[PDB]
Amino acid sequence: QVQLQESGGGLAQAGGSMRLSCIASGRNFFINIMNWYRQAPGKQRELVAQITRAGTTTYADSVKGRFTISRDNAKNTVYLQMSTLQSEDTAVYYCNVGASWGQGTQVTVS
Amino acid sequence: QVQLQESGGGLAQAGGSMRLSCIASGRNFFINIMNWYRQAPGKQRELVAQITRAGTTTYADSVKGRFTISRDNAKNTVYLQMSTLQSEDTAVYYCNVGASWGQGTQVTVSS
Amino acid sequence: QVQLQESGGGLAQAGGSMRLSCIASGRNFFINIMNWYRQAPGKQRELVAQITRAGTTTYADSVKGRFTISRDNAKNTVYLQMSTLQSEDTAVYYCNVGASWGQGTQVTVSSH
Amino acid sequence: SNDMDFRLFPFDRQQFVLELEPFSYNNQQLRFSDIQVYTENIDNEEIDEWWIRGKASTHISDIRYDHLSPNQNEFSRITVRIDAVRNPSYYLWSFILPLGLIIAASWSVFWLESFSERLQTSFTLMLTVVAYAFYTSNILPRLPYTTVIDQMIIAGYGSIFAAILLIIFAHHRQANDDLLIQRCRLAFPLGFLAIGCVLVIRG
Amino acid sequence: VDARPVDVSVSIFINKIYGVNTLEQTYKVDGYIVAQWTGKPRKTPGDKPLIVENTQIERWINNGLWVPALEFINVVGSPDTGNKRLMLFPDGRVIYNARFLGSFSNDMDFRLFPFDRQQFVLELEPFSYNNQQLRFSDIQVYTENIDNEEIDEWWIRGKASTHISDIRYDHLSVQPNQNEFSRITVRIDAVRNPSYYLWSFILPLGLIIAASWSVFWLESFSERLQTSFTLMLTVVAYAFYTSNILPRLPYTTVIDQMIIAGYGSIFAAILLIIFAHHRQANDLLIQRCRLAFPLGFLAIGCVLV
Amino acid sequence: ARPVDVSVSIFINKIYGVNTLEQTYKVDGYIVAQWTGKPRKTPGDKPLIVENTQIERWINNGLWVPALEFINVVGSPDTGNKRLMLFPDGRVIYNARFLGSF
Ligand SMILES: [Ca+2]
Ligand SMILES: [Ca+2]
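Residues numbered from 1 in each chain as written, not as in the entry; some residues may be left out. Chains lettered and ligands numbered in written order. Part of a larger assembly, values for the part shown. Heavy atoms only, no water. Residues with missing side-chain atoms left out of burial classes, pairs and counts.

Regarding how it was determined, this PDB entry cites X-ray crystallography in its header, along with a resolution of 2.5900 Å.

The name given to chain E in the PDB entry is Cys-loop ligand-gated ion channel, with Dickeya chrysanthemi as the source organism. According to UniProt, the comment filed for chain E under the heading Subunit is "Homopentamer." Under the Sequence similarities heading, UniProt states for chain E: "Belongs to the ligand-gated ion channel (TC 1.A.9) family." (UniProt positions renumbered as here; feature names shortened; annotations may be inferred.)

Per the PDB entry, the recorded name for chain B is NANOBODY 22, and the organism is Lama glama.

Put into structure tokens, the structure is as follows:
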């Protein structure tokens with residue numbers, strides 16, 4: 001019962017930059033791990049970036065060195081800085097906390 | 001120990017109509033689902049119509065659009081309004097509530 | 001530990017009648033069912049007649065219509081009236097209540 | 001469990017019952033042919049809280065269940081009843097007897113010379129009944145009704161309270177100390193024993 | 001490819017209601033639970049209903065028999081299940097019968113003690129299956145084994161309240177309406193037997209309080225003041241006598257208030273007794289308030305009702 | 001291998017039975033634990049419910065159900081009904097009623 005609200009997204013030029021954000025809201029909860037998932041047309045869902053409460057960040061090989069995951073722990077807000085956007089990055093990005101998911105924001109790149 | 005008493009039935013002309021009713025009596029009970037079953041002379045007992053306490057109805061495909069189930073909740077009474085009767089509708093109609101059954105009323109549709 | 005004491009028995013006449021009786025005794029017991037069994041010389045022990053506290057009776061097919069079981073509930077006494085006797089009726093008759101058995105009384109039907 | 005009535009406590013008689021029945025089989029499938037009960041291991045002594053009647057009651061009956069529906073609704077039941085009588089010794093000596101002496105000693109208030117002594121002592125007597133009511137309640141079993149000992153306590157409260165009224169009434173009644181009504185040193189014991197007798201017939 | 005819900009008929013037999021725990025707001029209930037539904041047909045020995053008891057139930061479940069868990073929502077701890085059986089009919093019918101003894105919870109208010117009225121509730125719900133999967137078609141309650149007597153702690157109303165509702169769990173969303181569960185609710189109204197508390201507690205307290213008013217009938221200041229301490233000591237002795245027997249509660253009952261009134265009446269008399277002795281500048285007039293105190297007490301007593 | 005992420009929900013129904021000398025209290029509620037294991041084929045490819053005694057039979061056949069201990073519990077808690085909800089995608093939801101002294 002933790003609500004996730006994604007922000008940002010849209011069109012981007014191949015090799016520019018785009019920033020996504022996700023705010024988590026609820027009553028009596030505590031978040032340790034916040035994730036970013038993406039699903040490109042036809043392909044299977046994949047994990048992009050994962051940030052623990054302690055600051056450990058992990059990325060998928062396809063985005064390692066291009067994407068950056070940051071987070072404000074107190075505000076339960078996670079960010080995804082997508083730099084040097086390839087054309088493969090065309091996907092709907094989902095914000096995830098445990099079993100909760102965000103509505104999904106489209107990120108197309110020409 | 002809920003008792004079900006069926007009313008109505010008998011002979012009816014093909015293309016005509018008929019109304020079956022069933023009253024449930026007892027003491028410390030609460031009914032949610034009231035059903036109408038029927039058994040042809042050489043077939044198995046099939047669920048005809050069903051009605052929930054909220055009023056949502058469900059019918060067998062053979063009677064959909066022709067039959068209508070209604071109920072008075074406070075009086076624990078269920079009604080089966082059979083319209084545009086056919087020769088296939090000739091069966092013993094049973095009133096059902098959980099494990100309880102009505103005596104069974106014959107409905108003979110002739111020409 | 002219910003004690004059963006059979007009475008009657010011995011030589012009987014084919015087409016005649018014989019009456020067996022059985023008294024049940026003990027401390028703190030209640031009998032619902034009282035039975036009469038018989039065991040022919042080389043046959044198995046079979047149930048002849050049975051009576052419930054309510055008085056309902058049941059008989060083996062071989063004795064139905066001929067034998068009659070009765071009881072006095074208060075006196076814990078059961079009776080067996082063996083009428084229109086036959087040679088097949090020759091056996092050791094046992095009074096029974098649960099796992100308790102009577103000593104067995106020999107009934108010998110003669111037609112000499 | 002059994003319906004147990006402890007109103008006549010500590011002279012109550014109880015029935016310790018055992019009811020046995022097949023869980024899933026009616027009397028057409030499983031029936032009891034006989035029941036034998038043995039209680040030899042139980043032997044009555046003065047060291048026992050309860051005394052058994054010795055002759056245990058046994059029965060085999062058919063129970064018809066209303067909620068069930070050609071006679072497939074009857075179950076064979078065994079019922080065993082053991083009559084017991086409570087050993088009242090401890091309660092007679094350590095509870096009833098000292099209570100009697102306390103209530104009787106409360107009547108001695110009518111033997112005090114002055115009104116001041118009669119009224120002040122009544123409060124010590126009232127305090128003695130309260131101290132006693134507790135001593136009993138702390139040991140006697142918890143019940144949703146009053147026993148015989150509980151009624152004696154109420155009579156003590158009544159006797160002391162009634163005495164208080166007479167002690168005051170006698171003083172401010174005359175136009176100028178009604179020491180004649182104070183000669184009720186006999187009316188209280190009698191009037192109390194009289195009310196005591198009519199209370200016995202209630203159980 | 002749509003699966004219709006399984007209609008489950010329930011019967012609850014109530015044998016005993018006892019062991020009310022005032023602080024915990026709980027009560028014990030001994031009874032039977034009967035649950036009937038229809039599964040797939042099967043072959044049984046001699047085409048007759050098959051009885052499967054106790055341990056054998058697990059062996060049928062291991063081999064595929066569907067037997068849903070019906071949880072007592074308001075049970076405190078796992079109930080003590082006695083004998084249990086399944087009756088498997090060739091037509092597919094299944095009847096689950098089990099004896100249970102459980103501790104059940106409900107919001108209980110004992111402020112009007114010993115004249116309080118309580119509701120003994122049982123809430124039954126499938127543990128893992130929702131409306132679209134398993135719903136209760138009917139509920140039958142039997143309270144015959146509970147008969148009203150003067151030797152009973154509680155007086156039960158024979159008219160039991162039964163209800164079948166749908167519970168929506170806010171923490172669920174398989175998003176299109178898969179968050180509603182079928183619940184059976186049984187409510188049994190009960191009234192406490194106040195006889196014991198009226199005669200063994202309220203009555204003697206009224207006598208003690210009334211007898212404390214007799215302090216004014218003492219002739220001297222020395223007698224009145226000193227007697228007030230014996231009276232105060234009597235209320236303390238009584239305050240405990242009740243506390244040792246009466247149930248533990250997080251609030252005051254009617255008896256507790258009478259005790260407080262007793263403390264106040266004696267303490268108020270101590271003030272009057274002293275005020276009258278040091279007002280005597282020449283106070284025999286004020287000392288004669290033998291009618292004022294009870295009237296003032298009965299007045300404040302009536303407004304308290 | 002990477003760590004298994006477990007999402008947990010705790011439902012508190014009743015807090016009672018404070019024992020001052022023992023510094024304990026009774027808690028009645030539910031514990032829900034969700035994680036993802038290896039995908040599986042389920043009857044009709046719908047979530048599969050496994051209740052009570054049946055859970056052990058699955059664990060015996062290789063289903064991973066980690067024990068989650070109540071650190072501050074006094075004695076074994078009383079577990080009521082318990083179930084596993086197995087999804088074809090590998091998701092596993094463990095649900096159990098509990099009554100424990102903490
Ligand atoms: Ca002994
Ligand atoms: Ca009763």
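Digging into the coordination of the calcium ion (ligand 1)
Within the protein, the calcium ion (ligand 1) binds to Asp43 of chain D (O), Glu45 of chain D (OE), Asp48 of chain D (OD) and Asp48 of chain D (OD); these donor distances fall in the range 2.3 to 2.6 Å. Mapped onto the sequence, the residues coordinating the calcium ion (ligand 1) show the spacing D-x1-E-x2-D. (Donors = N, O, S within 2.8 Å, 3.2 Å for Na, K, Ca; no water.)

What about the sheet that holds strand 1 (residues 3–7) of chain B?
Residues and elements named next belong to chain B. An order of 1-3-9-8 is seen for the four strands of this open sheet, with the pairing classed as antiparallel. This sheet does not close on itself; its edge strands, each paired only once, are strand 1 and strand 8 (67–72). Across the sheet, the mean angle from the axis of one strand to that of its neighbour is 15 degrees, orientation sign disregarded. Bridge analysis of strand 1 against strand 3 (residues 18–25) gives five bridges, and the strand direction is antiparallel. Opposite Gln3, over in strand 3, you have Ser25 as the bridge partner. (Pairing = 2+ DSSP bridges. Helix = DSSP H or I, 4+ residues; strand = E, 2+ residues; numbered from the N terminus. Axes fitted to C-alpha atoms, helices over the stretch in contact; angles between N-to-C directions.)

A few points about the domain arrangement of chain E
All names here are of chain E. Each assigned domain of chain E is listed with its residue range as follows: domain 1 (1–193) and domain 2 (194–305). The C-alpha centroid of domain 2 is placed 51 Å from the C-alpha centroid of domain 1. Counting from both sides, the interface comprises 14 residues of domain 1 and, opposite them, 15 residues of domain 2. Roughly 1,200 Å² of surface becomes buried between domain 1 and domain 2 when both sides are summed, with 71% attributable to carbon and sulfur atoms. Taken as a group, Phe113, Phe115 and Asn193 account for 44% of the area that domain 1 buries against domain 2, more than any other trio of residues on that side. Inspection of the region where domain 1 meets domain 2 yields zero salt bridges. Across the contact surface, domain 1 and domain 2 share four residue pairs in polar contact. (Domains from an automatic or database assignment. Contact = heavy atoms within 4.5 Å. Buried area = accessible area lost by both parts, 1.4 Å probe. Salt bridge = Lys/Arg side-chain N within 4 Å of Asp/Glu carboxyl O. Polar contact = N/O pair within 3.5 Å; in protein donor to acceptor, adjacent residues only side chain to side chain.)

Observations concerning the interface of chain D and chain E
A common way to state how big an interface is: give the accessible area lost once the parts meet. Every contact between the two is made by 36 residues of chain D and, on the other side, 43 residues of chain E. Considering each element in turn, the side of chain D that touches chain E owes the most residues, 12 residues, to helix 2 (residues 115–137) of chain D. Along the lines of polarity and charge, the residues of the side of chain D that touches chain E split into 19 nonpolar, 12 polar and five charged. (Nonpolar A, V, L, I, M, F, W, Y, C, P; charged D, E, K, R; others polar.)

Some thoughts on the arrangement of the chains
Ranked by contact count, the leading pair among the seven pairs of chains in contact consists of chains D and E. These two, chain C and chain E, are apart from each other, with no contact and a minimum C-alpha gap of 24 Å. Taking C-alpha atoms as the reference, chain C and chain F come no closer than 40 Å and do not contact one another.

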